[PDB]
Every structure is written in structure tokens, then in C-alpha cells.
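A short worksheet on the structure shown next.
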Amino acid sequence: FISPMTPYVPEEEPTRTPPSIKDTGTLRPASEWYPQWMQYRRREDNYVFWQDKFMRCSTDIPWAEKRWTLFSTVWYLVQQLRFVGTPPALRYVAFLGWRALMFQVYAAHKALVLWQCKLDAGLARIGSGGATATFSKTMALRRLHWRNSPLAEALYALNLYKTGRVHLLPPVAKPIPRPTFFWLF
Amino acid sequence: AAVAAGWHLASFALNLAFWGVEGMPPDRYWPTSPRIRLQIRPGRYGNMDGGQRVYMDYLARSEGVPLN
Amino acid sequence: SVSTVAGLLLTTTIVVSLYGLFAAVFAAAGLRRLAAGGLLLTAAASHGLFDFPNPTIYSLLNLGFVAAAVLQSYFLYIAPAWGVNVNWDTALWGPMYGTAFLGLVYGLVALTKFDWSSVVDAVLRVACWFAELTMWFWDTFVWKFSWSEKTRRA
Ligand SMILES: CCCCCCCCCCCCCCCCCC(=O)OC[C@H](CO[C@@H]1O[C@H](CO[C@H]2O[C@H](CO)[C@H](O)[C@H](O)[C@H]2O)[C@H](O)[C@H](O)[C@H]1O)OC(=O)CCCCCCCCCCCCCCCCC
């Protein structure tokens with residue numbers, strides 16, 4: 001009745017906590033404590049670093065993460081064994097090992113993204129003859145930040161391979177909501 | 001025998017890596033005092049004035065001081 | 001309906017006598033069929049009493065029911081001692097004895113109000129007496145309750 005142009009997109013409650021303010025989003029390990037951009041911001045405006053810890057862990061918990069289920073009942077045992085059942089020394093050495101492995105896998109993913117840029121240029125030549133031979137740097141950063149679905153990747157690759165159009169990009173993939181199955185999970 | 005003793009030594013080394021209290025949150029279900037955990041209070045029968053002296057001496061010995 | 005003890009006896013009567021008719025009539029020799037044809041009259045009387053609807057309509061039916069239940073519980077009960085045998089035909093001879101039994105316990109569960117309340121009260125009394133016996137046995141032989149329980153005021 002009161003149709004406001006754009007079809008009303010219902011805004012459901014969030015099911016996952018928003019990612020931390022120290023995150024990178026690129027499979028690279030985050031910093032140890034301080035996210036290193038604070039030094040390029042003014043003091044007493046960096047108050048939102050602890051205001052991320054609050055409302056990421058105390059005051060703005062989504063109610064989909066407070067659901068009690070059989071899977072969460074089982075998973076509490078894993079988390080309890082991790083936190084109060086395993087010594088922090090062994091947790092620290094495992095944390096160092098995971099940090100090194102994640103740095104290595106980030107370097108591997110960065111090299112894979114650069115090779116996908118080269119493949120982007122190749123597929124953009126085969127499909128537009130020889131004219132378009134560039135590649136989309138925004139799509140490169142989109143692949144690096146894991147913002148693309150496999151369907152979007154395949155559609156973009158096919159689009160390059162048979163019409164070119166490097167700077168015509170697929171839509172950004174929405175975040176995956178937390179799955180819920182009644183009392184099971 | 002070395003395998004059995006090695007299992008016991010691995011458990012002891014895990015406890016050594018636990019070491020102290022660091023890394024563990026305080027727990028509202030498990031306070032550090034069993035009198036807190038249960039409901040144990042002294043009442044009218046049993047408590048007497050001299051008991052303060054005896055309590056002082058026991059607390060001095062438990063803290064480790066040779067004064068009374 | 002099936003929510004009262006007298007209703008239980010009535011339903012039972014209906015079921016039994018239906019099986020009786022279906023085992024004798026559906027399956028001085030003709031008296032073996034006449035006495036089983038009367039089982040359907042018994043079922044009709046019990047379906048009448050199933051809604052026992054002003055009670056004064058079914059009061060005289062109840063009186064005739066209990067009086068002829070007493071008469072059947074005389075005749076069939078003294079039948080083996082008077083010469084005739086009952087064990088021969090099970091599927092014929094059974095349901096008349098059964099409906100006479102249910103009829104007599106109807107004249108006991110109806111005459112005195114009874115109801116599920118007295119059954120629950122008797123079950124609770126028996127369980128309560130056995131409970132006090134169990135507590136005494138435990139406190140005297142197994143473990144004193146002053147030892148088992150938690151002494152307060154510490
Ligand atoms: C200079 C010192 C010399 C040694 C230091 C470095 C050398 C060797 C490092 C450890 C051995 C190899 C580690 C490789 C994989 C990590 C193992 C693991 O499963 O992963 C461990 C994870 C990672 O740590 C935590 O991990 C969290 C969860 O992230 C990850 O957690 C999991 C990682 O397994 C999942 O993969 C999940 O997908 C991913 O999100 C956080 O993100 C943080 O990274 C951090 O808090 O911990 C957990 O949850 C589990 C906690 C207990 C597991 C203990 C495993 C190993 C313990 C060795 C003890 C021997 C002591 C002698 C010293 C010599 C060492 C061999």
C-alpha cells in the first residue's frame with residue numbers, strides 16, 4: 001500500500017557477531033594486541049577498540065548465539081577443555097604454530113590471487129579478441145577478502161571468456177547466517 | 001614399566017605446565033573456599049570467647065608465624 | 001464413560017458378553033443358544049447403565065440388573081455341585097460366569113459409591129503404610145537417618 005519504490009527488504013536480526021575491529025578479513029593473522037592502525041588515528045578517538053570488545057562480547061550479543069542446543073551443549077565441553085582444561089603454555093605454543101601456519105597460507109592465497117589476476121587477463125583476451133587485456137583490481141581485492149561466492153567466480157570467469165567486460169563484476173556475496181535446527185543446533 | 005612411568009610423568013608435566021592460577025577465570029560455581037561453596041556458619045552452640053584465642057593461634061600457625 | 005469404576009465394570013460386561021454372543025450364537029440343546037442370546041440383553045442393560053440422563057430412569061434397571069446378577073451368581077455357582085458340568089464348553093460357558101461376576105462386583109461398586117477416589121485413597125494408604133515400614137526398617141537396620149541426613153547448625 002505504502003510501497004516505497006525499492007521493494008521492502010526485511011532486516012532480520014544478526015545471527016553472527018560482527019567481525020572484530022582488529023580483523024583483516026584476508027585469512028592473514030591479526031595483530032597480537034593492537035591493530036596497528038590506531039597509531040595513524042588521533043588519541044581519545046581510539047576509544048572504539050575497547051568499545052569493540054564491549055558489544056562484541058558483553059553488551060550486543062546476538063540472541064542466535066545465546067541459543068541452547070545439543071550441539072552447543074557438546075561444544076561447551078570442547079571450549080571448557082580448551083580454556084580451563086588445557087594449560088595456557090601449551091595453548092600459547094599452539095597459538096604460535098597456528099599463527100605461523102596462517103601466515104604461510106595467507107602468502108599462498110596471495111600468490112593464488114595474483115595468478116587468478118593473470119588468468120583474468122587471459123580470459124579477458126580470449127573473448128574480446130585482443131583489445132581488453134587488463135584485469136579488475138577491485139575483483140582482485142574481492143578474491144583476497146573472500147567476498148566472492150564460487151558461483152560468482154564461475155560467472156565472472158565465463159563472462160570474461162565470452163564477452164570480455166573486465167569491469168562488470170558479480171554482486172558481493174552476503175555473509176552466511178548461522179544455521180539453526182530447533183533443539184539440535 | 002618405562003611406558004607406564006612415562007604416562008604418569010606426562011600427566012605430571014601437564015600439571016607443571018598448568019603451574020598456578022594464571023590463564024583461568026574466576027568461577028561463580030567454584031569459589032576458592034568450601035565454606036563459600038556450601039552453607040557453613042557457626043551458630044549459638046559451640047562458639048565461646050576463648051575460641052577467638054584458639055582461632056588466633058591456629059591462624060598464626062597456618063599463616064606460618066611462631067607468635068602464639 | 002470409561003472414567004469411573006462402575007463404567008469399567010459396564011464396559012467390561014459389554015465386551016465380554018459381545019464376545020460371548022459372537023462365540024456361541026454366531027458360531028434341550030437350544031438352551032445353549034437361549035442363554036447366550038440373553039447375553040445381548042445383558043449388554044443392552046449395561047449400555048443403558050453406561051449413561052447412569054436422569055438417574056431415576058436407570059435406577060430400576062440397576063435394581064433388576066443386580067437382582068438377576070445375584071440369581072445368576074446363585075444358579076451358575078451351584079451348577080457344578082448340583083450335577084451339571086461347566087468346564088466342557090469354554091467359549092460358551094465362560095461369558096455367563098464372567099458377566100455374573102462383573103454384575104456382582106457392580107452391585108458392590110454401585111451400592112457403595114466407591115469411585116476412583118476410594119481406589120486412589122486405598123492405594124495411597126497401602127503405599128504409605130509400606131513407606132513407614134520401609135523408613136523404620138532403614139532407620140533400625142540399614143543406616144540411622146541421623147547418620148544419613150545432613151546435620152545442620154554447624
Ligand atoms: C619457540 C617455542 C617452540 C615451539 C613453538 C612453535 C613450534 C610448534 C607449534 C605447535 C605445534 C604445531 C602447530 C600447528 C597447528 C596448530 C594445532 C592446533 O590444533 O591449533 C591450535 C589452536 C590455535 O590457538 C588458538 O586458536 C584459536 C581458534 O582459531 C583456530 O582454531 C583451530 C586451529 O586448530 C581451528 O583450525 C579453527 O578453524 C581456527 O579458527 C584462535 O584463533 C587463536 O589462534 C588461538 O587462541 O588452539 C586450540 O584451540 C587448541 C589448544 C590446545 C592444542 C595443543 C596442540 C599443540 C601443543 C604442543 C605442546 C608441546 C609443548 C612443547 C613445545 C614444542 C611445541 C611442539
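Chain labels A, B, ... are given in the sequence in which chains occur in the C-alpha cells; within each chain residues are numbered consecutively from 1, and ligands are likewise numbered from 1 in the order shown.
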Surrounding residues as a compact mmCIF listing (two decimals) with C-alpha atoms, in the first residue's frame, ligand 1, max 8 Å, only C-alpha atoms and all ligand atoms:
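out_26.txt written:
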```txt
# COMPACT_ATOMS: atom_id res chain seq x y z
CA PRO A 29 46.64 -13.46 11.24
CA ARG A 82 40.45 -25.56 25.64
CA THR A 86 44.47 -27.18 28.81
CA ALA A 89 51.61 -22.60 28.00
CA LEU A 90 50.60 -25.35 25.56
CA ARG A 91 47.83 -23.08 24.28
CA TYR A 92 50.47 -20.40 23.66
CA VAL A 93 52.82 -22.66 21.70
CA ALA A 94 49.87 -23.97 19.65
CA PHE A 95 48.82 -20.34 19.08
CA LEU A 96 52.30 -19.52 17.76
CA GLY A 97 52.22 -22.54 15.45
CA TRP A 98 48.78 -21.62 14.14
CA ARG A 99 49.92 -18.02 13.57
CA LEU A 101 50.78 -21.63 9.51
```
Subject >> Selection: 8 Å around residue 42 (chain C), only C-alpha atoms, excl. self and same-chain fewer than 3 positions, as a PyMOL selection string >> reply: chain C and resi 13-14+17+38-39+45-46
For the residues in the current selection, export N, CA, C and O atoms as a short mmCIF file (atom, residue, chain, number, x, y, z; two decimals), in the first residue's frame.
```cif
data_model
loop_
_atom_site.label_atom_id
_atom_site.label_comp_id
_atom_site.auth_asym_id
_atom_site.auth_seq_id
_atom_site.Cartn_x
_atom_site.Cartn_y
_atom_site.Cartn_z
N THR C 13 -18.45 -55.72 30.99
CA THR C 13 -19.63 -56.54 30.71
C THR C 13 -20.01 -56.57 29.23
O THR C 13 -20.20 -57.65 28.65
N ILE C 14 -20.07 -55.38 28.61
CA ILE C 14 -20.41 -55.23 27.20
C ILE C 14 -19.44 -56.02 26.32
O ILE C 14 -19.88 -56.83 25.50
N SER C 17 -19.68 -60.01 27.03
CA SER C 17 -20.92 -60.58 26.54
C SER C 17 -21.01 -60.49 25.02
O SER C 17 -21.64 -61.34 24.39
N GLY C 38 -29.48 -64.31 25.71
CA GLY C 38 -29.69 -63.40 26.82
C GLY C 38 -28.48 -62.53 27.16
O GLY C 38 -28.63 -61.51 27.85
N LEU C 39 -27.29 -62.90 26.67
CA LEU C 39 -26.11 -62.07 26.87
C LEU C 39 -26.24 -60.74 26.15
O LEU C 39 -25.68 -59.73 26.59
N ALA C 45 -28.59 -53.90 28.83
CA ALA C 45 -28.75 -53.33 30.17
C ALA C 45 -27.51 -52.55 30.58
O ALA C 45 -27.62 -51.47 31.18
N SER C 46 -26.32 -53.06 30.25
CA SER C 46 -25.10 -52.36 30.63
C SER C 46 -24.86 -51.11 29.78
O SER C 46 -24.30 -50.13 30.26
#
```
Subject >> 12 Å contact set for region 39-54 of chain B, only C-alpha atoms, chain neighbours under 4 positions out, as a list in words >> reply: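 The neighbour list is residues 33, 34, 35, 58, 59, 60, 61 and 68 of chain B; 150, 151, 152, 153 and 154 of chain C.
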Original post:
Would you give me, as a list in words, the residues in region 33-62 of chain B that DSSP reads as helix (DSSP H, G or I)?
Top reply: residues 34, 35, 36, 37, 50, 51, 52, 53, 54, 55, 56, 57, 58, 59, 60, 61 and 62 of chain B
Selected residues written out with N, CA and C atoms, as a PDB file, in the first residue's frame:
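Saved the output as out16.pdb:
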```pdb
ATOM      1  N   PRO B  34      35.527 -23.783  50.428  1.00  0.00           N
ATOM      2  CA  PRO B  34      34.395 -24.713  50.578  1.00  0.00           C
ATOM      3  C   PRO B  34      33.296 -24.192  51.483  1.00  0.00           C
ATOM      4  N   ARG B  35      33.621 -23.312  52.433  1.00  0.00           N
ATOM      5  CA  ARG B  35      32.584 -22.691  53.246  1.00  0.00           C
ATOM      6  C   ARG B  35      31.725 -21.740  52.424  1.00  0.00           C
ATOM      7  N   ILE B  36      32.310 -21.087  51.416  1.00  0.00           N
ATOM      8  CA  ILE B  36      31.507 -20.321  50.468  1.00  0.00           C
ATOM      9  C   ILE B  36      30.651 -21.252  49.626  1.00  0.00           C
ATOM     10  N   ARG B  37      31.248 -22.344  49.137  1.00  0.00           N
ATOM     11  CA  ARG B  37      30.542 -23.252  48.235  1.00  0.00           C
ATOM     12  C   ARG B  37      29.338 -23.893  48.909  1.00  0.00           C
ATOM     13  N   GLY B  50      36.874 -17.836  74.404  1.00  0.00           N
ATOM     14  CA  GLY B  50      38.191 -18.436  74.267  1.00  0.00           C
ATOM     15  C   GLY B  50      38.495 -18.961  72.875  1.00  0.00           C
ATOM     16  N   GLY B  51      37.426 -19.311  72.149  1.00  0.00           N
ATOM     17  CA  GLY B  51      37.571 -19.750  70.771  1.00  0.00           C
ATOM     18  C   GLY B  51      38.225 -18.717  69.876  1.00  0.00           C
ATOM     19  N   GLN B  52      38.072 -17.430  70.207  1.00  0.00           N
ATOM     20  CA  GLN B  52      38.800 -16.394  69.479  1.00  0.00           C
ATOM     21  C   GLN B  52      40.305 -16.539  69.682  1.00  0.00           C
ATOM     22  N   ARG B  53      40.733 -16.865  70.907  1.00  0.00           N
ATOM     23  CA  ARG B  53      42.155 -17.070  71.180  1.00  0.00           C
ATOM     24  C   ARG B  53      42.674 -18.283  70.433  1.00  0.00           C
ATOM     25  N   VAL B  54      41.885 -19.346  70.438  1.00  0.00           N
ATOM     26  CA  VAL B  54      42.331 -20.562  69.790  1.00  0.00           C
ATOM     27  C   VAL B  54      42.383 -20.349  68.275  1.00  0.00           C
ATOM     28  N   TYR B  55      41.387 -19.636  67.744  1.00  0.00           N
ATOM     29  CA  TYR B  55      41.355 -19.271  66.332  1.00  0.00           C
ATOM     30  C   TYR B  55      42.559 -18.423  65.943  1.00  0.00           C
ATOM     31  N   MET B  56      42.933 -17.474  66.807  1.00  0.00           N
ATOM     32  CA  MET B  56      44.122 -16.662  66.572  1.00  0.00           C
ATOM     33  C   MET B  56      45.373 -17.525  66.497  1.00  0.00           C
ATOM     34  N   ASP B  57      45.505 -18.489  67.415  1.00  0.00           N
ATOM     35  CA  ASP B  57      46.687 -19.353  67.415  1.00  0.00           C
ATOM     36  C   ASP B  57      46.730 -20.262  66.186  1.00  0.00           C
ATOM     37  N   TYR B  58      45.587 -20.850  65.817  1.00  0.00           N
ATOM     38  CA  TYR B  58      45.520 -21.674  64.609  1.00  0.00           C
ATOM     39  C   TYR B  58      45.808 -20.867  63.354  1.00  0.00           C
ATOM     40  N   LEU B  59      45.306 -19.633  63.283  1.00  0.00           N
ATOM     41  CA  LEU B  59      45.562 -18.795  62.120  1.00  0.00           C
ATOM     42  C   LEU B  59      47.017 -18.357  62.058  1.00  0.00           C
ATOM     43  N   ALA B  60      47.641 -18.107  63.214  1.00  0.00           N
ATOM     44  CA  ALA B  60      49.068 -17.803  63.240  1.00  0.00           C
ATOM     45  C   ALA B  60      49.895 -18.983  62.747  1.00  0.00           C
ATOM     46  N   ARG B  61      49.549 -20.198  63.187  1.00  0.00           N
ATOM     47  CA  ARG B  61      50.283 -21.377  62.734  1.00  0.00           C
ATOM     48  C   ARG B  61      50.039 -21.658  61.254  1.00  0.00           C
ATOM     49  N   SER B  62      48.816 -21.419  60.772  1.00  0.00           N
ATOM     50  CA  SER B  62      48.500 -21.673  59.369  1.00  0.00           C
ATOM     51  C   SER B  62      49.165 -20.654  58.454  1.00  0.00           C
TER      52      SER B  62
END
```
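By only C-alpha atoms, and with residues fewer than 5 positions from residue 19 (chain A) along its chain excluded, the set lying at most 12 Å from it is residues 14, 24, 25, 30, 52, 53, 55, 56, 57 and 175 of chain A.
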